[PDB]
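First to last, the sequence lines map onto chains B and A. As numbered in the entry's author numbering, residues 1 to 152, 170 to 317 make up the first sequence, in order. Sequential numbering from 1833 applies to the second sequence in the entry's author numbering.
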Amino acid sequence: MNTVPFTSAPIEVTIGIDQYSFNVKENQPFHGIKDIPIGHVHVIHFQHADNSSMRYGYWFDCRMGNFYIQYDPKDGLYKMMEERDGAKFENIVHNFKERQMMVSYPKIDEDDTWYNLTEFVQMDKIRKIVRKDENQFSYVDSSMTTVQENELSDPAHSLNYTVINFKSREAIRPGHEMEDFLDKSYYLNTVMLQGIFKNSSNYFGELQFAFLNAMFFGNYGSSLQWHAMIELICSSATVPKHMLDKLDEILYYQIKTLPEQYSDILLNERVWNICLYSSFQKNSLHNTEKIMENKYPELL
Amino acid sequence: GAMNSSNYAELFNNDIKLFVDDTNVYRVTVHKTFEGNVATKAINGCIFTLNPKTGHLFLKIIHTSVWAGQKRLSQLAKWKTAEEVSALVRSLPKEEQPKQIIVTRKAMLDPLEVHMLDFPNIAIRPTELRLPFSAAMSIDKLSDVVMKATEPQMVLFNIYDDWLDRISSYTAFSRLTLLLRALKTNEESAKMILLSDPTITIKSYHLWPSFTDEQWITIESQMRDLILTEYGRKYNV
Ligand SMILES: COC(=O)[C@@H]1NCCc2cc(O)ccc21
Ligand SMILES: COC(=O)[C@@H]1NCCc2cc(O)ccc21
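Now the structure itself:
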């Protein structure tokens, strides 16, 4: 179990770690988060109490380095930094652990939620969507735009998700216009799976990362990518059975975790009604359909 | 975006544009089978692709053989329309290609957009005008060429005959839409108005009769009366 220590908490802030969150008061003696489960990526995220416009965070993997957080009073945010001196990191961590100044990652033992949400999410793939090669962790915030959003503005601060556009030459083979528009199997299997992602695991990793960004940072561009990657599968007549079964699991846990009171801004009615009730895969997502119908019947 | 009465003069500017109407592409008669079920029999149809500035009509005849062994024909027809409009554009020299294609029915937008991906600078637009182009098959010479076709065929017409020698495009389009609306509303009476006078004829190379300017005013008034008369009969006014 790894630890992300905090130099201080000089401004009042709600801190999230994965699906958990807690409030820290201005100048409270908070010095970080311990007992973080090794084996998964994690996200540590922030929303300032005096300015909720400040929603941002860092994706990281404690297997790739030692990371600590310090408030930068010039840029006005909590920054993640990597520690290269191991013995120092351990002594500073032990000192705070002894004084009980850290919150414990509050994982219930029965609880596979975080694994279920991040099963296919790897740090190396995150670092290709979020390009800042000098850090081993990746910053994301509420307002970052996606490459596709910028085509329709600063490229260094962009989310480089894979562009999906159903009315593009990439999606439509000359001479197969009706076929490819009404059945997206070519686009899914040849262009996206075999060509760009190489396998379904990478496709699902990006889908899962998009959902998490949309849900934790209130990022609109991520929400459009999550829905597009769902719609691409659902609108394909030919999808491997293992992918359909795994997609049903992925979406089930996403819908289960979504805050009820954010459903109006995290779920696209058109996409979900099309996917569950009209698409080729309308009968292939039994777990997702059941939770959606019991939890958000209004949307449908 | 969408084309309506606010931007109506845009139809007669110098940017080449085409209207595409697909309402006569897939045409059927419905009948009972020997067993008392119902079946359809297709008949030849046509795509109506019109330049409203010049009157040039590209009439692609859709022969019933294109539907053989195909399913979901009403859906296929939109895509076949789009395929054929795309092929027409590709066949035209660059300086004749349209800058806009206006579809009379919004269901044509995605099929045409997808077929025209290679032409990102051609705008595909709906219209809020209710245009009576479905009544094209009430023009005898157009109906004749469609029904006689034994294979796919493109035939070119000028739907304004020689009117642009005497009137503007705006006025020619207004005359055309009035004639087509009348033929759509009461075909028999519209044709009586146009053809009953035995001293007035259609030239071999024309679609409509050779009316003088004053005779067109009388004809146009008779067509308006027909439309109004039919509106009164319909709504009991
Ligand atoms: C004495 O410095 C500190 O205590 C500082 N704030 C605690 C967190 C921290 C972690 C590091 O790896 C390096 C420095 C720091
Ligand atoms: C996932 O996108 C968001 O959470 C985005 N945050 C700003 C507020 C907002 C409002 C909306 O009506 C829809 C989306 C959003």
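We treat Cβ as the ideally placed atom computed from N, Cα and C, and that holds for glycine.
Option in A:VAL1857, A:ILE1933 and A:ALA1914 with minimal Cα separation from A:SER1966:
For this step, residue 1966 of chain A is matched to residue 134 along the second sequence. The candidate whose alpha carbon is nearest that of A:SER1966 is A:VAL1857.
Checking the sheet assignment: what are the DSSP bridge partners for B:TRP59?
The residue labelled residue 59 of chain B in the question sits at position 59 within the first sequence. DSSP lists B:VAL43 and B:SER138 as partners of B:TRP59.
Could you have a look at residue 319 of chain B and say whether DSSP puts it in helix, strand or coil?
With chain B represented from 1 up to 317, any question about residue 319 of chain B goes unanswered, as that position is not in the structure.
If you draw a straight line from the C-alpha of B:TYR270 to the C-alpha of B:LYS125, how long is it?
Taking the first residue of the first sequence as 1, we reach residue 270 of chain B at position 253. Taking the first residue of the first sequence as 1, we reach residue 125 of chain B at position 125. Answer to the nearest angstrom: the Cα atoms are 21 Å apart.
Can you list, in chain order, every residue whose CB sits closer than 6 Å to a heavy atom of ligand 2?
Any residue whose Cβ sits closer than 6 Å to a heavy atom of ligand 2 makes the list: B:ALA231, B:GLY235, B:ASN236, B:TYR237, B:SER240, B:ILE282 and B:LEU283.
With which residues is B:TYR20 paired in a DSSP beta bridge?
Along the first sequence, read from residue 1 onward, the residue named residue 20 of chain B stands at position 20. Partner(s): B:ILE17.
What are the start and end residues of the beta strand (DSSP E) that includes B:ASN66?
Translated into the one-based positions of the first sequence, residue 66 of chain B becomes position 66. Per DSSP, B:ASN66 belongs to the beta strand (DSSP E) from 66-72.
Below 8 Å CB to CB, which residues in the same chain sit around A:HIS1895 once its five sequence neighbours on both sides are set aside?
Here residue 1895 of chain A refers to the residue found at position 63 when the second sequence is read from its first residue. Excluding residues within five positions, the ones whose Cβ falls inside 8 Å are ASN1876, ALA1981, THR1982, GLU1983, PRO1984 and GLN1985.
Return the residues of the stretch 1937-1955 of chain A that lie within a Cβ-Cβ distance of less than 8 Å from chain B, sorted by chain order.
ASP1942, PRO1943, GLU1945, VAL1946, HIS1947, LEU1949 and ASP1950
At which residues does the beta strand (DSSP E) containing A:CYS1878 begin and terminate?
Stepping through the second sequence from its first residue, residue 1878 of chain A is reached at position 46. Its beta strand (DSSP E) spans residues 1877-1882.
Based on the DSSP secondary-structure assignment, which residues constitute the bridge partners of B:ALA231?
Residue 231 of chain B sits at position 214 when you count from the first residue of the first sequence. B:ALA231 is not bridged to any residue.
Tell me whether B:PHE233, by its Cβ, gets closer than 7 Å to a heavy atom of ligand 1.
As a first step, residue 233 of chain B is located in the first sequence; it is residue number 216 there, counting from the start. No, the beta carbon of B:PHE233 sits no closer than 7 Å to any heavy atom of ligand 1.
Using a Cβ-Cβ cut-off of 8 Å, state whether A:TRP2040 counts as contacting chain B.
Within the second sequence, numbered from 1, the residue matching residue 2040 of chain A stands at position 208. No, its Cβ sits nowhere closer than 8 Å to a Cβ of chain B.
Cβ contact check for the stretch 1939-1956 of chain A and the stretch 1859-1875 of chain A: 3 or more pairs under 8 Å
Between the stretch 1939-1956 of chain A and the stretch 1859-1875 of chain A, the count of C-beta pairs closer than 8 Å stays below three; the two stretches do not touch.
If you measure from the beta carbon of A:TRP1995 to each beta carbon in chain B, is any gap under 8 Å?
For the purposes of this step, residue 1995 of chain A is taken as the residue at position 163 of the second sequence. Judged by the 8 Å Cβ criterion, A:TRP1995 is not in contact with chain B.
Can you give me the C-alpha to C-alpha distance between A:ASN1953 and A:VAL1935, rounded to a whole angstrom?
Locating residue 1953 of chain A in the second sequence gives position 121, where the first residue counts as 1. Locating residue 1935 of chain A in the second sequence gives position 103, where the first residue counts as 1. Answer to the nearest angstrom: the Cα atoms are 16 Å apart.
Would you check if the stretch 201-211 of chain B and the stretch 248-257 of chain B touch, i.e. whether three or more CB-CB distances between them fall below 8 Å?
yes
Cβ pair count under 8 Å reaching 3, the stretch 1992-2011 of chain A against the stretch 2044-2052 of chain A:
yes
Which residue or residues does DSSP assign as beta-bridge partners of B:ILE272?
For the purposes of this step, residue 272 of chain B is taken as the residue at position 255 of the first sequence. DSSP output for B:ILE272 lists no bridge partner at all.
Check each residue's C-beta against every heavy atom of ligand 1 and list, in chain order, those closer than 5 Å.
B:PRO5, B:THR7, B:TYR68, B:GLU83, B:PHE89 and B:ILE92
Within 9 Å of chain B by C-beta, residues of the stretch 1904-1915 of chain A in sequence order:
The residues in question are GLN1907, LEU1908, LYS1910, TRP1911, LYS1912, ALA1914 and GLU1915.
Check the Cβ of B:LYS184 against every Cβ in chain A and list those closer than 8 Å, keeping chain order.
Translated into positions along the first sequence, residue 184 of chain B becomes position 167. Within chain A, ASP1942, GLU1945, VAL1946 and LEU1949 have C-beta atoms less than 8 Å from the C-beta of B:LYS184, given in sequence order.
Helix, strand or coil: how does DSSP classify B:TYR203 here?
Numbered from its first residue, the first sequence carries residue 203 of chain B at position 186. Here B:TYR203 sits in helix by DSSP.
Output needed for B:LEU210: all residues of its chain with C-beta closer than 6 Å, excluding positions within five of it in sequence on either side, in chain order.
Counted from its first residue, the first sequence places residue 210 of chain B at position 193. Beyond the five residues adjoining it in sequence on each side, B:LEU210 comes within less than 6 Å, by CB distance, of no other residue in the same chain.
Inter-residue Cα distance where the pair is B:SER239 and B:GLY16
Position 222 of the first sequence, counting from 1, holds the residue named residue 239 of chain B. Position 16 of the first sequence, counting from 1, holds the residue named residue 16 of chain B. Straight-line Cα distance between these residues: approximately 19 Å.
Under 8 Å between the Cβ atoms of B:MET101 and B:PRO10?
Start at 1 with the first residue of the first sequence, and residue 101 of chain B comes out as number 101. Start at 1 with the first residue of the first sequence, and residue 10 of chain B comes out as number 10. No, they are not a contact pair.
Rounded to a whole number of angstroms, what is the C-alpha to C-alpha distance between B:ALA231 and A:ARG1937?
Here residue 231 of chain B is taken as the residue at index 214 of the first sequence, counted from 1. Here residue 1937 of chain A is taken as the residue at index 105 of the second sequence, counted from 1. Rounded to whole angstroms, B:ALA231 to A:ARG1937 spans 37 Å at the Cα level.
Through-space distance from A:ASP1847 to B:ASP197, alpha-carbon basis:
Walking along the first sequence from the start, residue 197 of chain B turns up at place 180. Walking along the second sequence from the start, residue 1847 of chain A turns up at place 15. B:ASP197 and A:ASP1847 have their C-alpha atoms some 32 Å from each other.
Which partner residues does B:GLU82 have in the DSSP bridge list?
For the purposes of this step, residue 82 of chain B is identified with residue 82 of the first sequence, where counting begins at 1. Looking at the DSSP assignment, B:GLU82 forms a beta bridge with B:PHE67.
Span of the beta strand (DSSP E), counted from its first residue to its last, around A:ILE1934:
Against the second sequence, residue 1934 of chain A aligns to sequence position 102. Where A:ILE1934 is concerned, the enclosing beta strand (DSSP E) stretches over 1932-1935.
Give me, in chain order, the residues of the same chain whose beta-carbon lies closer than 6 Å to that of B:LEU302; leave out the 5 immediate sequence neighbours on both sides.
Position 285 of the first sequence, counted from the first residue, corresponds to residue 302 of chain B. For B:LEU302, where only same-chain residues beyond five positions count, the Cβ hits under 6 Å are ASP265.
Is the beta carbon of B:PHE137 closer than 8 Å to that of B:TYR58?
Counting from 1 along the first sequence, the entry for residue 58 of chain B is found at position 58. Counting from 1 along the first sequence, the entry for residue 137 of chain B is found at position 137. Yes, these two residues count as a Cβ contact at 8 Å.
Looking at the structure shown, is B:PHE183 part of a helix, part of a strand, or coil, going by DSSP?
Along the first sequence, one-based indexing puts residue 183 of chain B at 166. B:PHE183: coil per DSSP, three-state reduction.
Is any beta-carbon of chain A found at less than 8 Å from that of B:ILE17?
Mapped onto the first sequence, residue 17 of chain B falls at position 17. No, no contact with chain A.
With burial defined as no fewer than 16 other Cβ atoms inside 10 Å of the residue's Cβ, what is the status of B:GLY192: buried or exposed?
Numbered from its first residue, the first sequence carries residue 192 of chain B at position 175. Its Cβ having fewer than 16 others within 10 Å, B:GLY192 is exposed.
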